[PDB]
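**Q** Below: the sequence, then the experimentally determined structure.
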Amino acid sequence: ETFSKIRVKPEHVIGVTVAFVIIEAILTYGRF
Amino acid sequence: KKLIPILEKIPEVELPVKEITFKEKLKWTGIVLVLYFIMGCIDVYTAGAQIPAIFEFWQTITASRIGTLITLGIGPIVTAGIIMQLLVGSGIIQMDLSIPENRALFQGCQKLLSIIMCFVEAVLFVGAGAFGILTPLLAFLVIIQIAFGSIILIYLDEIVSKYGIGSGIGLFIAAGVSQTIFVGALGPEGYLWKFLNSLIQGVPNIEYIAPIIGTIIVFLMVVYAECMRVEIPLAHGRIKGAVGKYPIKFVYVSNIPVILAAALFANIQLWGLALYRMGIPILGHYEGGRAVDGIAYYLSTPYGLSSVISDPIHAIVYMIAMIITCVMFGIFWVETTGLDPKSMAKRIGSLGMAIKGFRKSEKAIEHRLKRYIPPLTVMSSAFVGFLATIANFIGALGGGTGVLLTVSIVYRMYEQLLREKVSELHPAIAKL
Amino acid sequence: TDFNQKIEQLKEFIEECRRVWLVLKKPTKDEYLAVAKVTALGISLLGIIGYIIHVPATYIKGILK
C-alpha cells in the first residue's frame, strides 16, 4: 500500500480542483 | 533507510473498503473526465495574450494542451516513470519489489519525483520559450499555475485509480486524442468543413480532407494490429482432453512501454530547445520553433498532415531510434513490474491449468513463463514501436501514435467496463 | 571472446522473438469489426464530450477576447 501518513478523501481534490478553475477562470477572463 | 519523511508528508487517497457500485465507479470516472476537458478550456493567467505557435509534438503523448491550465499534462508523471524504469531498470539501483517494501518504495518514490518533474517541466517549459514574455515576475506566476494544474491530474489519476474505472493516464490520453479528432475534423475551424466549404467555393482542396483520411487509415491499421493475439493452449484442470486456448494481447503488452519511448523523445525535443535558447546547443540547433539539426533533429517525429519523403535518412534513423528505445523500456518493464511469473504461478496452479504442452507443477509452469516472456515482451514492443512510428509517417489527426495508444486504451477500457458489469453480480470472484 | 558469445546469444534471443512473431492470430473479419466498432464507439463518446465542452467554451473565450 502507501506510506502516506496522511489520508485525503477524493471529494476534496475534486473540490480543490473546482477551486483552480474558478480562480483562474475569473483571475484571467472577465478582465476588469 | 529512505526518503520516508517527506514521502510520508505526500498526501494520498482514502480508499474505502465500502460498496463502490459499478454505477458509482462510472459516475466517478466521468466527473474526472470533465474536470479534465474543462481545464483544457481555461487559459493560463497571462497578460501576454501572444504565444509562439505551439509544440506540435509534446501534446499527444502528454495529453496536455499548451497555453491551458494543463499545458504540462501527463508529461511529468510520464517523465518520472521514465527515470524510475531507467534506474530500477538498468540495475543501477537493483530492487526486488516482491516485498511490499520495494513495491511501495519504487512507487511512493516515483510519485514524489513526479511532483519534482512537475515543477521542473513547468520551468523548463517557460524556459523553452513556450509563451514568449519572460517577465521574471509574470514568468514565475505562470510556472506556478502550470505545474499545479498537472498536480491536480496526479491526484485526479489517483481518484479514478481508486474510485472509478480504467486509468487516469490511459483515460486522459484517450480523452485528448478523441477530442483532438472530433474537434479538428468537425469543430469550429474544423477540417471536414474547410474541405466541404472548399468544395462549394469551387476549388476542391485535397489538403483539407487529407488529414482526416490519414486518421481513418491509421485507426483501421492500428486496430487490425490491436487484434493480434498469441493463443496459449491450456491444460485440462484435472479433466482430460483438449481445453483452454488463452490469448494474450500481443500489442497491449508493450503499452505503457511505448508510452514511455514516445515520452522520452518528448523530453528531448523539449530539453533540447530548452537547453538551446538558454545555453549551449548540446542537443541541437532548433530555430523556427522546433529543431532543424542535431540529436533533436534526427529524433523528431515527421507526422502532422502529410508524410515527408524529402529526407529518407531522417526517416530511417528515427524509426530505428524509436524501435530500439522501445525494446529498452520493454526490457526495463521486465526487470520491474510487468507480468511476473512468480505470481502467475499458483494462479494457473490453483486451477491446475498448466500450459497445453506439459508440466502441471508450480516451478514447472513458473519456469515455462519466465522463459517465454522476454521474447514476447521484446518482440511486441519492437513491433508496436515500429507500427507507431510508421503510423506517424503516414501521419494523422490527433497523432498517429496517439490514435494507437487511444484505440488500445479505449478497448482495454471496454474490457474494464465488462469485467465490472459482471463483478456486479457474484460478489466474490474478483480474481478469476 | 565474450563478445563472440554475446553475439552468438543475441542471434538466439532474436530468433526466440521470431518465434513469438509467429504464434500470431490474424483476426477474423467479424472479430475485427467487433473491435473496430467498440473502439470507435468509445473514441466517439470521449471525443464528443470534449467537443460539447470545448467548441462552445471557445465561442465564449473568442466573443469576449
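**A** Structure's in. What do you need? Residues are numbered from 1 along each chain as shown, chains lettered A, B, ... in the order given.
**Q** Does stretch B:180-193 reach chain C?
**A** Yes. On the criterion C-beta under 8 Å from any C-beta of the partner chain, stretch B:180-193 is in touch with chain C at B:181-183, B:186-188. Placement of C-beta: from N, CA and C, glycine included.
**Q** distance between the ends of that stretch?
**A** Across its full length, stretch B:180-193 reaches 15 Å between end residues, using C-alpha to C-alpha, to the nearest Å.
**Q** Just the closest residue of chain A to chain B, please.
**A** Proximity of chain A to chain B (C-beta to the nearest C-beta) peaks at residue A:4, 3.4 Å away.
**Q** about what we covered before: from the residues of stretch B:180-193 next to chain C, which would you call buried?
**A** Buried positions within the residues of stretch B:180-193 next to chain C, assessed by neighbour count (16 or more other C-beta atoms under 10 Å in any protein chain shown), are B:181-183, B:186-187.
**Q** Now secondary structure too, for those residues, in CSV please.
**A** Converted to CSV, these look like this (DSSP: H, G, I helix; E, B strand; the rest coil):
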residue, secondary structure
B:181, helix
B:182, helix
B:183, helix
B:186, helix
B:187, coil
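**Q** in the stretch 1-150 of chain B, which spans are helices?
**A** Counting by DSSP state H, counting those that start in this stretch, the stretch 1-150 of chain B has helices at residues B:4-9, B:22-39, B:59-62, B:75-87, B:100-127, B:136-163.
**Q** Report the separation between residue B:312 and chain A.
**A** Residue B:312 sits 46 Å away from chain A when distances are taken as C-beta to the nearest C-beta, to the nearest Å.
**Q** what does chain A have sitting close to chain C?
**A** Neighbours of chain C within chain A, by C-beta under 8 Å from any C-beta: residue A:29.
**Q** Name the helix or strand for residue B:345, please.
**A** With the criterion set as DSSP states H and E, the secondary-structure element containing residue B:345 is helix B:341-350.
**Q** tally of neighbours for the residue of the stretch 201-350 of chain B found nearest chain C?
**A** Distances between the stretch 201-350 of chain B and chain C by C-beta to the nearest C-beta are smallest at residue B:227, namely 3.7 Å. Here the neighbour count serves as a burial measure; for residue B:227 (other C-beta atoms under 10 Å in any protein chain shown) it reads 19.
**Q** And what about the most centrally placed residue in chain C, helix, strand or coil?
**A** For chain C, the residue sitting closest to the mean C-alpha position, by C-alpha atoms, centre = their mean, is residue C:39 at 10.8 Å. Secondary structure of residue C:39, reduced to three states by three-state DSSP: helix.
**Q** Who are the contact partners of it?
**A** Under the criterion of C-beta atoms under 8 Å, 6 or more residues apart in numbering or on different chains, the contact partners of residue C:39 comprise B:219, B:223, B:226, B:407, B:410-411, B:414.
**Q** For those residues, work out which two are farthest apart.
**A** Every pair in these was compared (C-beta to C-beta); the two farthest apart turn out to be B:219 and B:414, at 15.3 Å.
**Q** So between these two, which is more surrounded?
**A** The neighbour count for residue B:219 versus residue B:414, taken as other C-beta under 10 Å, is higher for residue B:219 (24 against 16).
**Q** residues in chain C within reach of chain B, list them.
**A** Proximity of chain C to chain B, by C-beta under 8 Å from any C-beta, involves residues C:13, C:16-17, C:19-21, C:23-27, C:31-32, C:35-36, C:38-40, C:42-51, C:53-55, C:57-59, C:61, C:65.
**Q** Nearest to residue B:356, out of the helices of the stretch 1-150 of chain B?
**A** Taking C-beta to C-beta as the measure, the helices of the stretch 1-150 of chain B were each checked against residue B:356, and helix B:100-127 came out nearest at 32.1 Å.
**Q** That closest one to helix B:75-87, inter-axis angle?
**A** What separates the directions of helix B:100-127 and helix B:75-87 is an angle of 130 degrees, with axes from the mean of the first three to the mean of the last three C-alpha atoms, to 10 degrees.
**Q** tell me what helix B:100-127 is packed against?
**A** Counting contacts by 3 or more C-beta pairs under 8 Å, 6 or more residues apart in numbering or on different chains; DSSP states H and E, the secondary-structure elements packed against helix B:100-127 are helix B:4-9, helix B:75-87, helix B:136-163, helix B:255-274.
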